[PDB]
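# Summary of structural features
This is what each chain is made of:
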Amino acid sequence: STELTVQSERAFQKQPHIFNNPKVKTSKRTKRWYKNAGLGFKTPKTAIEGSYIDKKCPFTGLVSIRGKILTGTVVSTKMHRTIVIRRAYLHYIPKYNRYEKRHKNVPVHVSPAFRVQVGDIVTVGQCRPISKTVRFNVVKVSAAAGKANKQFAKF
Amino acid sequence: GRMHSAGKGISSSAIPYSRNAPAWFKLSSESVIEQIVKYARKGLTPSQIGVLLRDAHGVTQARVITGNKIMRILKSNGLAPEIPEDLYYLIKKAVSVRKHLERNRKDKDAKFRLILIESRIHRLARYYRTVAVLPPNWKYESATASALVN
Amino acid sequence: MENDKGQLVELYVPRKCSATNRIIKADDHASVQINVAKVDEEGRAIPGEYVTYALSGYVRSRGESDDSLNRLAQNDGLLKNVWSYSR
Amino acid sequence: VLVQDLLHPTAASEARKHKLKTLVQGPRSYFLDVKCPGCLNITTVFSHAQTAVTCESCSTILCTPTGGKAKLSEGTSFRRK
Amino acid sequence: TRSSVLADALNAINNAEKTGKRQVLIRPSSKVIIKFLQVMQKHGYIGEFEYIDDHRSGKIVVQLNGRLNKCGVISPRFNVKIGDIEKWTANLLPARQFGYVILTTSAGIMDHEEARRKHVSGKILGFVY
Amino acid sequence: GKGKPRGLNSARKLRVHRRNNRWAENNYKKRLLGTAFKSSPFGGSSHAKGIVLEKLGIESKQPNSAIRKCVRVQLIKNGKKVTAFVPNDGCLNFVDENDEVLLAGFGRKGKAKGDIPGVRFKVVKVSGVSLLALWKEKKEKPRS
RNA sequence: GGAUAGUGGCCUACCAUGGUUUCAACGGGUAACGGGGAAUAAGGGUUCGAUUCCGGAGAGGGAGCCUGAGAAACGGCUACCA
RNA sequence: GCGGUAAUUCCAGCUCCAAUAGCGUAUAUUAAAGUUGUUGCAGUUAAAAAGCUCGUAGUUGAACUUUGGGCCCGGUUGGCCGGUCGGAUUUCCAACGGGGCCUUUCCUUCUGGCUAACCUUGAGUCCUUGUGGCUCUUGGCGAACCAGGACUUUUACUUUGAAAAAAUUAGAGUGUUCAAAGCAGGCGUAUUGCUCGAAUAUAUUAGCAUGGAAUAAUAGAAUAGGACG
RNA sequence: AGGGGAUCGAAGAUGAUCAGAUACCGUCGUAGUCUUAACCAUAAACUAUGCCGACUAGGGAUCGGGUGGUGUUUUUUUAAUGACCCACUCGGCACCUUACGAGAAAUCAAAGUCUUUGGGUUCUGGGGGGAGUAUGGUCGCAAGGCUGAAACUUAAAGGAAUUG
Ligand SMILES: [Mg+2]
Ligand SMILES: [Mg+2]
Ligand SMILES: [Mg+2]
Ligand SMILES: [Mg+2]
Ligand SMILES: [Mg+2]
Ligand SMILES: [Mg+2]
Ligand SMILES: [Mg+2]
Ligand SMILES: [Mg+2]
Ligand SMILES: [Mg+2]
Ligand SMILES: [Mg+2]
Ligand SMILES: [Mg+2]
Ligand SMILES: [Mg+2]
Ligand SMILES: [Mg+2]
Ligand SMILES: [Mg+2]
Ligand SMILES: [Mg+2]
Ligand SMILES: [Mg+2]
Ligand SMILES: [Mg+2]
Ligand SMILES: [Mg+2]
Ligand SMILES: [Mg+2]
Ligand SMILES: [Mg+2]
Ligand SMILES: [Mg+2]
Ligand SMILES: [Mg+2]
Ligand SMILES: [Mg+2]
Ligand SMILES: [Mg+2]
Ligand SMILES: [Mg+2]
Ligand SMILES: [Mg+2]
Ligand SMILES: [Mg+2]
Ligand SMILES: [Mg+2]
Ligand SMILES: [Mg+2]
Ligand SMILES: [Mg+2]
Ligand SMILES: [Mg+2]
Ligand SMILES: [Mg+2]
Ligand SMILES: [Mg+2]
Ligand SMILES: [Mg+2]
Ligand SMILES: [Mg+2]
Ligand SMILES: [Mg+2]
Ligand SMILES: [Mg+2]
Ligand SMILES: [Mg+2]
Ligand SMILES: [Mg+2]
Ligand SMILES: [Mg+2]
Ligand SMILES: [Mg+2]
Ligand SMILES: [Zn+2]
């Protein structure tokens, strides 16, 4: 989520061990680190362009992605810097030899490299436990905005 | 079929196999697309127009002599209403029925039709709402329905 | 209904309605078989010799013995117009 | 009955059917060119008009609406096509 | 409202046969119906059929003999695991030597015998005996 | 197609509906209500031992006329009091009050045997031995 | 940040208002350790699994700890309750 | 249902029947039960359609979008021969499958690495009057997949396969004297050893991997904020 | 809670009948019956028969809409009309005859197209009593409505048809 400020905390925010020698007058102020999570996921430019901090960013932070890669549909974005997706799926009761609709919500961290609104299909990746619930991290938006601007005023 | 009744009435138009021509129909898209617009411009609903073209003139199927459905002529020329006209007319009726209900609290039958009429509105509203033609969160309320029509 | 090697096994291969080609079973005692005569030169009817039709008791009961005969006799050569394939 | 052509129904029994229950379905209305010989030129009219079709140049009349088929006015003539 | 267009077409075929008729009119046809219609015929269960062409959803006239007792539809197109197919045939075909369960696979609509030989499976559509 | 949802996803409904309807099954209900453990004089067990409080003379139901010899027993693990039949000619002469006896069911699944009203149990042993054995002559009833 | 072998509201501080639910959350019951399996034989099912193998939990009930590579151990200790 | 005086049911004697080192009885559960019904019930009068309509969840939901035709290679059953000293393959023949083409036809994609394959061909030719046949470098196939970049509308189904504990189950082999079992055993020079074994299957829901692209969803270009360059 | 309160008339009081007669029949007649503003939510609220869709069979009436017709009648001068007549077509309330078919039958054009058992979907029943009882919840001014068990008892209860 973030938005604005960057130094909005009691502790000074910084990328660990990414020194900038004040003696060397430079143009970029802060040297910034980044990587690619791998598995073929492009690291969005907003991660390399940005100045947000986030130690739980999969491109600019100290996490790794390894394990289940899942996709789900965004259903809540009220948490700051983390979301809840719903993964729906059908479930085969035998005996009746058909299925019933089930689901589970899955809480997932979300780097301010992405701007997510509710309804977006998103691909997330497996994480070291990041928080009490969260064990996943948004890792690409396979969506956009769900055609909102083609809902406008009048002729 | 028959949504809010137990009618079983199969009445309808029977459109011809002939998806073009009428061959004995001279004139031209030119002439008739313009024809649509001037009426749209008067203030008529595409339906009223499709009719006032079916009788006075030779416009059998407005989509045929002009490869377009009348409501698309209208939008394309920016003549298209706030809300679709079926929805427009449902709402317009609900208002007048309501107006009767307010002056006639004793008329339970009218209360019953209002529900019906409003229920259709609400389903329809949802359709258009689902398919972009209305904004998400477009809503119908009595309190503000009267303004919508007139 | 043969078997392992040629050999026609199990008896009675049954008749068939000439109008519906369903089986004509035993207790079907409503069914029928109509022998129409083979005629020759100047009136006269070659006896022993027939063009033969079989009709299911069903068909008869359903009132279609007569029409379904018109159509059969005609398109086998023994009716001249009478019937129509269009309605 | 029991055996027939459903692919080639006879003219007059298809004719008498309902316009949606014909083999392929189609209308059974028609258009006409009508004239009230005060004016010279002649307008195109629908057999089931709903709209009381005014004439081209004058505000005379022509046909009134009905149950179905329009009822034309006193001294006029027509033709299908 | 019209629920399984196949269902009606199948059922109609059956009612004309049972009342001894030789032709049906069916409405409204579909890819699937034809592809079904086509399987029966391939095995003699019906004559020929004409797609008449309203500018709508279609009609068909089937020409049927009498070799046909029932041609029903399986109303939820269940899934079959190529093992399971014996189970279906066994449950609704009169003997293990004629009659077909036609179904629907990646490799096309096709009776179970063909579907056996090609070695594919999928959903189950209907049957003919 | 009267009734049950036939759809391919209608599984959930189909089970719950079943769930809800087994309750009309008389001994599906018994089973999960624990009517054994809760009601029933015995635990939910095959037999139960008890103590003979008094010897009764239950008169049989119609159209039979007879006196059916029975003992009121107080189940040990319970104090639940229960009247029990004492099968075969005599045998009531084998019991006496305060004796311990082995009750057992009548094989009608709860439910009175026949013209004995109320009695849902029968005696199998007394003072540890078995009526049956006593009845024949094979064995003798213990001292005190 | 502290604590841990180490992630992690695991704990603390500051901050925010979130998290779950008729696709049954939350609560109640279970005469409930879970599985491999067992019984009943057209099939579909129904019922059962304390119990020879695998996993977990316990050592009268709780809690705490010493030693140690490994125990919150009970044929170790300490305290309370019985 | 028997017994209230000739009791085919009680108490016995005789005789008889059923299962038999075993056979009653009690409780539970399973089959019989299509009396819980997905397969598969019933509901006018036997138990059961809510007085009525609206309606959310839920389930359900008309038709239509590469079809039809042409050529190529190579498989496995089966026939009619057997060339052979029980089984063998060539051409002849069906029939049923798999693969790649060309028909206006993404195969995601550019950049080499590679080539396995012919429009090649460079000579000619074992040899049946030759397109029956393959070794064979010098202009001319992509994709068979490497690895590096740049990017990919979502799903359900279904195939095949991996990853898998044993005992249990199904089942092969072996004559524990039989059998339940067990996993042994079997040959001899039985005086200094020879040897076959200790299979196979099922293991599904989920996750993984690969083929298919019917059926059923999803997304797309309409205030063009479209698509290619 | 107002108003209205002709009539008929729960209650009650009477005349009679009766062994009795708290009744039936007769008289008086409170509430009620009607209406407004609020409640209540139940009837054998019935077709004891869910709704949507497809298909399967003959007949004559009728109700509404429609198309056709050198139909009849209205006369005026012939039309226009209106009503009537005949054929067709949709959609109604129904009746008739059938039996392809269904069913335990009575019967049923659905209650048919089901062991040749699958178009979609909702709801209810699972032997009889106990009992719509107890308990909790809830709605109601009340009366009561909705939801709704067990123990225990029991071999039947029940349905259609036949002969008596
Ligand atoms: Mg927050
Ligand atoms: Mg509706
Ligand atoms: Mg309709
Ligand atoms: Mg209409
Ligand atoms: Mg009940
Ligand atoms: Mg007593
Ligand atoms: Mg105790
Ligand atoms: Mg924290
Ligand atoms: Mg809060
Ligand atoms: Mg539930
Ligand atoms: Mg326990
Ligand atoms: Mg266990
Ligand atoms: Mg269990
Ligand atoms: Mg225990
Ligand atoms: Mg321990
Ligand atoms: Mg102890
Ligand atoms: Mg405590
Ligand atoms: Mg301890
Ligand atoms: Mg000890
Ligand atoms: Mg120990
Ligand atoms: Mg005697
Ligand atoms: Mg005797
Ligand atoms: Mg005896
Ligand atoms: Mg036995
Ligand atoms: Mg099934
Ligand atoms: Mg039943
Ligand atoms: Mg009833
Ligand atoms: Mg009803
Ligand atoms: Mg309700
Ligand atoms: Mg479809
Ligand atoms: Mg598999
Ligand atoms: Mg094994
Ligand atoms: Mg009064
Ligand atoms: Mg009185
Ligand atoms: Mg008196
Ligand atoms: Mg009284
Ligand atoms: Mg009621
Ligand atoms: Mg009635
Ligand atoms: Mg009729
Ligand atoms: Mg009671
Ligand atoms: Mg009796
Ligand atoms: Zn004019």
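Residues numbered from 1 in each chain as written, not as in the entry; some residues may be left out. Chains lettered and ligands numbered in written order. Part of a larger assembly, values for the part shown. Heavy atoms only, no water. Residues with missing side-chain atoms left out of burial classes, pairs and counts.

The PDB entry lists chain E under the name 40S ribosomal protein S22-A, with Saccharomyces cerevisiae ATCC 204508 / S288c given as the organism. As recorded in the PDB, the entry bears the title "Crystal structure of Nagilactone C bound to the yeast 80S ribosome". Looking at the Subcellular location heading of the UniProt record, one finds this comment for chain E: "Cytoplasm". What the UniProt record of chain E gives under Sequence similarities is the line "Belongs to the universal ribosomal protein uS8 family." (UniProt positions renumbered as here; feature names shortened; annotations may be inferred.)

The name the PDB entry gives chain B is 40S ribosomal protein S13, with Saccharomyces cerevisiae ATCC 204508 / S288c as the organism. For the record of chain B, the UniProt heading Sequence similarities holds the text "Belongs to the universal ribosomal protein uS15 family."

## So, helix α1 (residues 5–18) of chain E
Residues and elements named next belong to chain E. Between its first and last C-alpha, α1 extends 21 Å over 14 residues, near the 20 Å set by a 1.5 Å rise per residue. Taken as a whole, α1 has its buried residues at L6, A9, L10, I13, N14, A16 and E17. Along the long axis of α1, the arc covered by the buried residues comes to 165 degrees, so they all point the same way. Elements that come into contact with the buried residues of α1 comprise β1 (23–26), α2 (31–42) and β7 (122–128). (Helix = DSSP H or I, 4+ residues; strand = E, 2+ residues; numbered from the N terminus. Expected span 1.5 Å × (residues − 1). Buried < 20%, exposed > 50% of the residue type's maximum accessible area, 1.4 Å probe, protein only. Arc of directions from axis to C-beta. Contact = heavy atoms within 4.5 Å.)

## Quick word on the sheet that holds strand β3 (residues 59–63) of chain E
All names here are of chain E. Strand order across the open sheet formed by 3 strands is β1-β3-β2, with antiparallel pairing between neighbours. The open sheet has two edge strands, β1 and β2 (49–52), and neither has a second partner. Taken pair by pair, the neighbouring strands of this sheet meet at an average axis angle of 15 degrees, ignoring direction. Strand direction decides the pairing type here: β2 and β3, joined by 4 bridges, are antiparallel. Bridge pairing in β3 places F49 opposite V62. (Pairing = 2+ DSSP bridges. Axes fitted to C-alpha atoms, helices over the stretch in contact; angles between N-to-C directions.)

## Some points on the domain arrangement of chain E
Residues and elements named next belong to chain E. Here the domain parsing of chain E yields domain 1 (1–68) and domain 2 (69–129). One C-alpha centre belongs to domain 1, the other to domain 2, and the line joining them spans 19 Å. Counting from both sides, the interface comprises 15 residues of domain 1 and, opposite them, 17 residues of domain 2. Where domain 1 abuts domain 2, roughly 1,400 Å² becomes buried across the two surfaces, and 68% of that area is made up of carbon and sulfur atoms. For the domain 1 face of the interface with domain 2, the top three residues by lost area are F36, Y45 and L68, together amounting to 32%. Where domain 1 touches domain 2, the interface holds 1 salt bridge. Between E114 and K42 there is a salt bridge, and its shortest N-O distance comes to 3.1 Å. Applying the counting criterion to the domain 1 and domain 2 interface returns 3 residue pairs in polar contact. Secondary-structure elements contributing two or more residues to the side of domain 1 that touches domain 2 are α1 and α2. Per-class residue counts for the side of domain 1 that touches domain 2 are 10 nonpolar, 2 polar and 3 charged. (Domains from an automatic or database assignment. Buried area = accessible area lost by both parts, 1.4 Å probe. Salt bridge = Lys/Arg side-chain N within 4 Å of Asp/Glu carboxyl O. Polar contact = N/O pair within 3.5 Å; in protein donor to acceptor, adjacent residues only side chain to side chain. Nonpolar A, V, L, I, M, F, W, Y, C, P; charged D, E, K, R; others polar.)

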